[PDB]
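First, one chain by itself in C-alpha cells, the form deposited in one PDB entry.
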C-alpha cells in the first residue's frame, strides 16, 4: 500500500486544498510532476506533503529541495509552523528544532509524552536543502524528496545527488514547478501526462508515458478560479510569453 493524506489530516492542519492540490496529494505515483502557475499553492502543497510524512509515517525521512538557500529557509519555516501547530493535537509527539541546520525532528512516543513510562517509538526527520549548495546534498538515504521550483534546479542535481537518495527505500519524489521551457522538468512532466492534447504543452497527446509517473497541469486561474481576473490583469503589462509561462504554466522554450 501507499499511504496518502486523509480529509481529516487536511482539516487538522486548517488546510483546504484546491482541486488540483487534492489531485496531487491523492496520487500514489512514485514520481509526481506538477506544472502549476505562480501563486497557485506549489510551496503550500510541498509543505503539507512534508508534514504528512513526519506525523503519519513515524520514522520517515525526507527533504524539500529548492533552487536557492533563501527559498529553502522560507519553506523550512513554513513547514515548522505547520508541524508546531499539529504537535498541539498530538500529545504523543515531541518536536526538536535545529533551525541553523534547516533540520527538524518529530519524536513519536507510545503514549502522551507527559505521561509515566513513555517510550520513544520513532523519530521522523525533515530538512530544507538548496540546489545552489550541492555539497550539502550527498550521503543521504531518504524515504521522500520534494523539489520546489524544480524547473530552476539543474538536471545534474536531480540525477547525481537527489535521485540516488531514494534507491534503497524505493522512495517517492514530488517534482513541482512553474515551467522554464523545454528542459528536464518538461521531459519528466511528459512522462506522466495522460491528459491528452492541451494548449501550452508541446506534443501533448502523442507523448510516451511511464507507469511510475503521474503529471498535473494547471494555470494559476485554473487552480484558483475565484480570482481569475486578478491573474488576468497582469496580461496587460507583462509580455505574452512571460505571462503564459508564469501564470499560464505553459511550456514555452
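Rigid core here is just the name for the largest C-alpha set that superposes within 1.5 Å across the two forms. Numbering follows the first chain given and starts at 1.
The same protein has a further form, the form deposited in another entry, not shown here; the description that follows concerns it.
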property: Cα displacement of residue 55 between this form and the one not shown reaching 2 Å, rigid core superposed; result: no
property: C-alpha of residue 227 off by 2 Å or more between this form and the one not shown on rigid core; result: yes
property: Displaced residue check between this form and the one not shown: residue 118, CA, 2 Å or over, core reference; result: yes
